[PDB]
Structures are given as C-alpha cells and as structure tokens.
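Below, each value reflects all heavy atoms present in this structure, side chains not excepted, and no hydrogens, waters or symmetry copies. In what follows, chains carry the letters A, B, and so on, assigned in the order in which the sequence lines appear, proteins first and then strands, with residues in each chain numbered from 1.
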Amino acid sequence: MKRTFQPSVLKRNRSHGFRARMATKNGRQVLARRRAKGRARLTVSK
Amino acid sequence: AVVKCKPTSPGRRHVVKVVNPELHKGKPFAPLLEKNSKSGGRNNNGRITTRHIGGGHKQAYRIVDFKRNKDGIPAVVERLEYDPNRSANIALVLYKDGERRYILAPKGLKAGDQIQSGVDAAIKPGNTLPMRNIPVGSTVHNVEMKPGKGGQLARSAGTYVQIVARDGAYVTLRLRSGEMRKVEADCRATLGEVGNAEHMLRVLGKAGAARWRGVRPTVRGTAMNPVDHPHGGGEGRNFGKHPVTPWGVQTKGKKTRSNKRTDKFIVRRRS
RNA sequence: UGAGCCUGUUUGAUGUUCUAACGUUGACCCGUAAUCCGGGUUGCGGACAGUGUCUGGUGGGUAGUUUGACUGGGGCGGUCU
RNA sequence: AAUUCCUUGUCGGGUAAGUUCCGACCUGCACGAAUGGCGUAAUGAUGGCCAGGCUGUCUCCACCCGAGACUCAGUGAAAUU
RNA sequence: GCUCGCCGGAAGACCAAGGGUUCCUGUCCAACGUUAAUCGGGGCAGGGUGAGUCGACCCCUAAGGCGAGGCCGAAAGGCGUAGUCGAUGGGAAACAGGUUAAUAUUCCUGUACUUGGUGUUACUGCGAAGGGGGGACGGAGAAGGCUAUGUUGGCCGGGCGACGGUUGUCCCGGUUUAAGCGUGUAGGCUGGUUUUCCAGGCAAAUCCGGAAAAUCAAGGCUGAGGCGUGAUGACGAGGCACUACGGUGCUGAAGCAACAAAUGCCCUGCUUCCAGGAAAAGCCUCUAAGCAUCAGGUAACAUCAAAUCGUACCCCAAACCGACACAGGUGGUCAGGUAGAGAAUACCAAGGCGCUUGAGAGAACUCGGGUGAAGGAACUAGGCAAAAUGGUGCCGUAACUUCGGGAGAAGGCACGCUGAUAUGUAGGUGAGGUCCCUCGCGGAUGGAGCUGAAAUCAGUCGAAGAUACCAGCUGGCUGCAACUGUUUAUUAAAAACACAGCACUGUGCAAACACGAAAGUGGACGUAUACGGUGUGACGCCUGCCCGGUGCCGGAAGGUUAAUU
RNA sequence: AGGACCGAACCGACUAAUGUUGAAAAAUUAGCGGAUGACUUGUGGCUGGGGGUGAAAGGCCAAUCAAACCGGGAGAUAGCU
C-alpha cells in the first residue's frame, strides 16, 4: 500500500533549504532560534 | 444546414448539428496568431473567483479588426473561416496595397466581394461609416461607444441594432435587450447584421459535449448541508425559505444595478 | 418664486447656461529599446460623480451568551407568597 | 401504493396448503400536478415473486488425497496476577 | 559431480528516481542471521570507477517565481514595468572486434566524424537591439513498399549406436560481419525563368506581399530499403604443444538460395471529422547608422584546442517506501519454438531458482481439495455456498418498439485419422530464355523452383473426436431511476449526486458577481444567439383555483420621524 | 461513425471463506465492473485553518478533522472522583 513519504531531492531543497529560509523574515527567525539552541545541523542541505 | 443524427447509440439519439460546406478546410493565416492559456476561474491570489470553469480543448487566438480604419482603399474577400474563440465566423480580406486582415462576417457575404470604409463609401452590407452619415431607420452591427475605440455592441451571431432617431450631436439606438440608448453621432458602425443565425438551433446531446467546451458540473444548494449553503439541511426534502444566492442575497426579482455616472444616457430600460 | 432691512440691498428654494477645481479603463508626442508609471497636446463629462466626519433604516453574512426548581427515574400535567 | 393505523380489508389467479406476489374494487386514518402528475422501448455487480436444467443446501452422512494438531532434537513469546 | 523439480510477456536482461561501498580478493565466528554454520548484504585489512562524440554543466524558452525605478498600505509588507531565472520540451559530432579477480561506445587494434582560434595565398561590399522565411505541432482510419527475426533446402565437419532395425528419402553442429563514403529507387509535394510598376512589412531594402506583359514546357525539394566499398581484414566447429584451471603460441573448413513476416521504418506522409489542435533560440536571407587604402566575407591548405563534474553495485527488490532479510507499493526499454485469433492459456529455449529449522507417526477437531447408492430445494430470512452452460460454420427465431433494437432471443445439426478428385487443387511469390528503348535500381512476354486454404466422395479406431488448459445458464410478471458516469481512503455503491433538455430572474460593459483595508486581478482579449444565480431532470400527453399571511416590484397625495438650527 | 459490443495489459471494489496477540495498524484465494474515453499515468507548479478544495458522503487537507500540527498565555477553571 502506498505510504506518505516519497523522496525527491529537488523538492526537499526547494521546500526546506538554506536559501529558502533566507528569502523570508520568518525563516531567519527559525535560523536564529536553531543557532541559539546550538544545533549541529542547521538545515536539510548537505 | 441543420441535421439530425441517427439513434445508433443512446448518446447519439438526441444530437442536432449545424453543417456549413463553405468554410475553409486548412490551416489559418499564421502572421495573425497568438497563444492563449487557460485559467480555471482563478485570479492572481490563486482563488476560484468564478465557478464551473475548467478543462477543454486547446485554442489559439486570432487578431480581429474592430476599428476599421484605412479609409479609401478597397478590399476583396478571400475566404471564410471558423474561429474557436467566438460564436461567429470570420473573413480574410486583402487590400489593394498588399495587406491582409480578419473581419467579422456579416449575413450574405461570399468570396469575391468588395468592401470599404470612410465618410464617402456606399450603403451596402459590410461597409463602414460614421453614424452621422447613415440614413435613419437602418440596421447595423459592431457599434462604437466612444469615437475611435472599437466596436463593443452587437457582436454575437445573428445580432443587430436599429437607428431610431437623430438630434443634434447624438443618436438614439434600440438594442437587442429592448433598451433605448444614446451615443455620439461621430461613432462608427457596419451595415447589416452578423451571420451564422442557425447557431441557436443545435442540441448538444450528452454531458461530454459540455465537458468539451470547458464547463464543469453544477451542484444545487438544496443538496448540501447547513454549513455550506443557506439552502442546506433537512430530513428528506425540505425548503421552507426564500431563495437566495450562495452569499445570502435574494434571487428571483431583486435588482442590482447602481451607477449614477452613466444614468444620463439611458432613455428607457428594457421591458 | 418665498422670507428680513432702508425700487435697492441680505439670505433660501427650483430650472436652464458656462469653465477654471475634479474624472476619463477615447486619440496622438516624449522619457524609451516598455499594452506599467509620469509629463505634454487634444476631445468628452462637469461642480454631478467619488472620498472623510456625523446621523436614521436594513442586517443569522459573522461573533459573544441566556433558555428555573419540586418530582416514589426523567419528560408531559400540576405547583411556587 | 417506497404513502393505509384498523389490517393477514373484501373478491379473482397461481399451490395439497400463500401475512409475500400479480389483476381489480374505492371506506384516500394521512395521493395530486416543474420541493412536478400519469405513461414508456433500451440500459442496471439495484428491490420483490414464479418456472426448466442442476446439484452433499438437505433426509443422513461414508471413504480418500494433502497442510496443522501428536512424539524426538535446536531456538524461544503474550494478555493477566 | 550425477540425477530430480519450478518460472520463462518472468521468478530473464538493461535503466531513470531513491540509496551510498552493499562491488572484488585474503582472513575470523563473540554479537547480528527466527536452527547449525567451515557460509553471508556480519567484523578486520587491502584493491577497484580512465571520454572532443554517453550524460551534467552550456545556448533557448513553458506553467510559475523574483523583480531597478513605479503604484498602494499604521509598522511588518502587497501587486507589478524594463529585466533575470526556471524542464517534464528545441539546439554539433563514433562504429565493430579484443582484453581484467573486479571498468568500458572511456583502455588496446582497425576504420571515421563535428565545432572553434591563429597563419599563408587567391577572389570579393561587409555591417543590428531592427524587417522576412524556417523551426512549428490535433483525433481517428486504410493499404502499398520494406527491415529486425524465423522455417526449410544446398554446402562444410563429425557419426554408424548398451535391446529388434538403422550406408540412408538417416542422426548432431555451423553457415556471422558495423559506422562512415558512392549510387538516388518504391514513393510524397510543388509549374519554371526573365522584365516593368506599387497608399503594405515604425525608417531602408536587391528580401517578403501585390498588379501587368512575354516565353518554356520540364525544373526543383523530400525520401525507407537494396547494391558497391569498408573486408587479401575480423570471427569461426576443430587440430598441433602445456595447463596457475583464469588460460598461452600457432593453425583453421563452409561462410549460399527460397519462402513467411511485424504493434518497428517510409509516415512530421495520405484520406476524413470537429471539440479546430505551444513558445524562443540555433539556421537561411534583407538592408540602416558606420567603414571603404583598412576592417569584414567565401573557398584551399598548415597548425593549435575541446576544460571541469558523474561513471563501482542493487533497481518489481534482502540494498528504494512500509519499526523487521515483512505474501504489500513503485515509471521506461528488449519480445525465441510447437499448438493458438492473440502480449490469453499449456509445455519448452537462452537465463535464473528449490523461497535459512529438521526427523517420525498416520487419533478426535480445524483448513484446501476428489468421488458418491435412492431422492432432487423437502435446507434456509433468502438456491448463501456448490453443481451446471461455454468454440467455429450453417438452419431457425416471439410479444413490444423511439424502427436503431429486443437477438448470441429460444431450439437444433456437423466436427478425429487415412486414400482419391489433384504423385499438392483455387490462390500467393517468382528465375532462366525471347523482344523494346533516352540505357537503368527500366518496360512487355514467359513460366522453372518454393509455399499453400476450403469442399465433396469412399474407408477406418474408441464408451466418448470444440476430447487436456481455455471457454455465456435460460425463460415469465412487477417497483425505482431515461441512458455512459460519480461518491462515505478503513462496516453503507443505492432509489443518493451529476447529466443532455425546460423555466424564472439579474446584468448596457469601468457589466452583474467574486478574491482583496488599497493598488489590482478573474468574469473575458468575451458583448444579450453573451455571462452569473435558483429550481426541475431524456422522450410522449400535460401542467387546474387562491394575492387574505411572509417576501419581491411600482406609487406618492396624507400621518409619524435623525443629525443640524 | 460511436461517452457502440466481447475480451488481456491498465484502472476499480459487488459476494463468500480465511485471518483478528495477522505474512498485512484494511490483506490473500475463487468469482466480479470499465476497458478510444466525463479514460489512465510520469515530472514540475498554484490554492493555508473559521481558511482551502469538494459530480455533495460533513467527504479530504502527511496512519490525526462538526474546525490540522507545533510553541506560547499556563500551575486556564474543576461546588467532582
């Protein structure tokens, strides 16, 4: 039976990537929050 | 001509067609074409703003001349053509200087005829003049509402307008809805009426025929729930309320026009 | 044409006319290599239309809530000083 | 009657025997004309009833071929208390 | 190693997406593997991916995204012009053989092709951000020409059979060869050349569009296959000498014809229909400002260049999505033999597997199946489940009907093998030989060789000849919805929803209506034979009376009535 | 010619048995409907929560829908256990 997750790298990067986060004011807030918490990986980009 | 189909299938039993043998079988003139994409009834916000639109056949746009400038140069008719964007046929015309154009085809126009525009043209179907120069009591189509703008009235298959009176700088017109209206006497018009008057004698026959033209199904408000329409609900079949639109405005009688800017040009509303 | 002051003046209402505010999703020129925008010339409307503050009507389109107790279960009936 | 409580109404047909079925009567508790009335060839994994052929559905169950259940060696859970 | 069994339009082979060392060699068996393990997609160490021509990058755009100035909005911000991005689409060029434990159109051998820079020589009007051509486009149908590929004969090499026969009308195996270069065929489309003139293509034009004369009747474009060369080459059963068991050196026969034939190619073709079927660049032409000694253009030679990233392995699955070595899900390409209408079904070829606990016994009961005396729905809410019919050709077929249907209505008869008609028929294909002509991939005649249905007559075997797999049960009366379609992912597929048709009502274009504090956008590059809302639901015969109540439309005399004064 | 007929690939889900700490958090085996069209499928794009989309079942919006998920007001309030 078909399931929910169906991968695709182009779509992943266009949806949750670094440049997508930087293009908007709220994405910068996501990045600031994650930097303040101290995560080792900041986005989904390799 | 109008032709009935034979009942070889339940989807063919009720089909009536309009067949015309004089239309061109071939490709249209290329230097007068453009692309046209579909919308689905959606605007730049991405929301449906008009219901029941979607799908259909692919179409290309033909550039038609509604201004009819170029006075003094005769033109000859080359052929008549089918157009998917409107309900009237079009005609290809060639000028004496070597230029080609598309125009609306009136009733009775064949290949090999002549046409002209200007103040000193003749009174025959297909010619264009300002209405200051047309005898009162005449039948016209493709009428302007401002001098130099292009035709905007009586452009559909089989329609026309009547010139009823003239007084000063204005003329009075009777329209297809039954309205009397005023327009400046310096506007332009074409003699005759629009052709393809059998367009209203066709029966589609099956649901796929409407789907071929980009029309989607209509769902009645009485078949919904109360959260979707003011007409929804019930245990069985119940109405018990005055009919309204999906947004709560009464249908079946209430009026809706409100424009004080243009009220000085209407002489009598449609009856 | 109706109201005040010594025919004349002040101020209302009604109806024609005009251009200079204002409108143009008519035509032409430039910025320009551009069916947006601005400026210039010219037609058509014209103190109307439209917007701000105040004010009467309509308004389940949307929102916040009320719809009592006794009772040989509860509702219906009866009752509450 | 996809509508009728009294009701398995009364009469006729089909069965040896028919509260369901088909044709009629009119006493319509409480049908009825675009929240449509009465009909209708073709179409339907749609509701009801009758026939031919066919049979382990049944009187009433008997034998056989394979996979488990049973014994030996290796691994090795669960709800509850 | 020998035997047995299973799949074979897949349970074989090659990819995209996704994963990322799972690939090859040596060594180890604690943990992982539903059991043992000397084995592994497990632990440890080493090795393995070679490009001018395959892809990406690059040139060009679709839907959509961002957007200098600009318009709009308490702030944050929204929409948009000139521009710039974005493939699932358009744009130059390579084939066959050999080789490693693991790579190959990349490495080696042979034979090819494309695009740019520079130099020398010989002729010469070149020049764009602009004008014109081309690229460039739908569904369905028919039949002519071909190839991939198969069967048989001829040829070459081998054989003479564990039990009766087998020197022959016998048995087994092979019979392969590309791109490029020359030739321009079956066939499709279109009349050719010269001169003069002109309100059109923003300006110009020798290019396109238009008009009037003369002249010739043949010019041009497109095009599968075949033939020649490439090839005195490569490959090829087998033989001469040893094996590290992977192989080395050499040698090496035949290598032709007929018939059948695609869903692939000619074909972006041809015929026909209405619902009327992308954009931009690469490419070919035309001139403007400008340069004219120069610069630039066309052709021949010589030389230089073509960088950077991917390339191992799985890919209907034990490596991807499902917590698992999970009976589930996942787009493209290739298509052998016998019987068959067939990509169905049965048995096989190349190729790949027996699904990671076994060994015994032969109780009740549960699961999946085969057979049944006499009866034949008596079972049960209900013929639920099972049993039964099933092919091709011919005969024959009712009420009713919108004249198409109902209809495969119903019910019947024949069907295998051998001989003759005919040592293989009616058809299909087609060599030699003879003539004709511009001489070629030409035309007429001619019939060798090959292939090959269906019917009739006379015989013959069994209980049974559509013998296996495969493969409609049929008739009579009635309710509902006209019909094909749609729906409650995971207890409801229906009489529920939609529908073609009908009627009422709004709407004069800066339309009504809808999304938006606004700017703006859809409706529509449409204009009352058009567009939006509401109810009924093919077709036939029809659709009666009520304006007192609640709504909507028209009126304006009288009563009541806000801010303001 | 045809929202024509029979039937594989492809797309669905009418009946029965098994399974219910399943091989499977919706499947398997034997039958069943459509199959040139209102058909089916690959890659990318747009619509955002009192909002979307809906041939209309209160259906669907990441195993969650008569108002999604995550963080905050927050130790909301609980005459009740």
Respond yes when some side-chain nitrogen or oxygen of [X] is under 4.0 Å from OP1 or OP2 of [N], and no when none is.
X         : N        : answer
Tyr61(B)  : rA524(E) : no
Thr262(B) : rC509(E) : yes
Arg220(B) : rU35(D)  : no
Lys206(B) : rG3(F)   : yes
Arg47(B)  : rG48(F)  : yes
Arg257(B) : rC509(E) : yes
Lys2(A)   : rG329(E) : no

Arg269(B), nearest nucleotide to its side chain (from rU507(E), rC274(E), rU529(E))
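My answer, after comparing the listed nucleotides, is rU507(E).
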Which nucleotide wins on minimum distance to the side chain of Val219(B), given the candidates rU507(E), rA498(E), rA275(E)?
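Nucleotide nearest to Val219(B)'s side chain: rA498(E).
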Pair partner, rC32(E) [Watson-Crick or wobble, under 3.5 Å]:
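The base-pairing partner of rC32(E), which may sit in any strand shown, is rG40(E).
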According to the Watson-Crick and G-U wobble definitions, with both distances under 3.5 Å, which nucleotide is paired to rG77(C)?
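When the pairing criteria are applied, nothing turns out to pair with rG77(C), so the answer is none.
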Residue pairs, two or more places apart or on separate chains, that pass side chain to side chain donor-acceptor pair (under 3.5 Å) and touch residues 126-139 of chain B
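Residue pairs passing side chain to side chain donor-acceptor pair (under 3.5 Å), neighbours aside: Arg68(B)-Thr128(B).
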What is the distance, rounded to the nearest whole Å, between atom CZ of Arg261(B) and atom P of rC44(C)?
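One finds 17 Å between P of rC44(C) and CZ of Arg261(B), rounded.
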Pick the nucleotide of RNA chain F nearest each of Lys11(A) and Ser9(B); which residue has the one closer to the 5' end?
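Residue closer to the 5' terminus by nearest nucleotide: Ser9(B).
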Of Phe5(A) and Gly208(B), whose nearest nucleotide on RNA chain F comes first from the 5' end?
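The answer here is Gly208(B).
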Any chance the side chains of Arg257(B) and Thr262(B) put a donor and an acceptor closer than 3.5 Å?
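Yes, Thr262(B) and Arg257(B) have a side-chain donor paired with an acceptor closer than 3.5 Å.
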Under a 3.5 Å threshold, yes or no: a donor from one side chain and an acceptor from the other, between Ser117(B) and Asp71(B)?
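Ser117(B) vs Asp71(B): donor-acceptor pair found between side chains.
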For RNA chain F, please output the secondary structure as dot-bracket, reading 5' to 3'. Pairs are Watson-Crick or G-U wobble, both atom distances under 3.5 Å; mark crossing pairs with [ ], other-strand partners with |, unpaired with a dot.
..|......(((.((.((........)).)))))..............(.(((.....)))...)................
Which is true for [X] with a 4.0 Å heavy-atom rule: it touches a base, it touches only sugar-phosphate, or it touches nothing?
X         : answer
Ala30(B)  : nothing
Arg181(B) : sugar-phosphate
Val15(B)  : nothing

Evaluate the side chain to side chain contact (heavy atoms under 4.5 Å, CB included) criterion for residues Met180(B) and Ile266(B): first the C-alpha distance (whole Å), next the side-chain angles of each, then the deciding distance (0.1 Å), finally the verdict.
CA-CA 7 Å; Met180(B) 315 279 298; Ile266(B) 320 276; over 6 Å; no
Would you check if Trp247(B) stacks with the base of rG61(C), given a 5.5 Å centroid limit and a 30° plane limit, both strict?
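No; by the centre-distance and plane-angle rule, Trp247(B) does not count as stacking on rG61(C).
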Specify the residue among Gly248(B) and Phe265(B) whose closest nucleotide of RNA chain C lies further upstream toward the 5′ end.
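By nearest-heavy-atom nucleotide position, the 5'-most residue is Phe265(B).
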Return whichever of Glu34(B) or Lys146(B) has its heavy-atom-nearest nucleotide of RNA chain C closer to the 5' end.
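Its nucleotide being nearer the 5' end, the pick is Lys146(B).
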Less than 6.0 angstrom separating the ring centers of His24(B) and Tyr82(B), yes or no?
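So the answer is no for these two rings.
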Pairing status of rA234(E) with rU176(E) is requested, where a pair means Watson-Crick or G-U wobble geometry with both distances under 3.5 Å.
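Pair flag for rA234(E) and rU176(E) is true.
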May I ask you to check if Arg155(B) and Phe66(B) form a cation-pi contact, with NZ or CZ under 6.0 angstrom from the six-membered ring centre and within 45° of the axis?
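Relative to the ring axis of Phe66(B), which defines the angle, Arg155(B) lies inside both limits.
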Is it true that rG184(E) and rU185(E) stack, with six-membered ring centres under 5.5 angstrom apart and planes under 30°?
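Stacking does not hold for this pair.
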In terms of ring plane angle, is the pair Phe239(B) and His231(B) parallel, tilted or perpendicular, where the classes change at 30° and 60°?
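Rings of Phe239(B) and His231(B): perpendicular, over 60°.
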Have a look at the sugar of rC334(E) and report north or south, taking a positive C1'-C2'-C3'-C4' as north and a negative one as south.
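By the sign criterion, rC334(E) is north.
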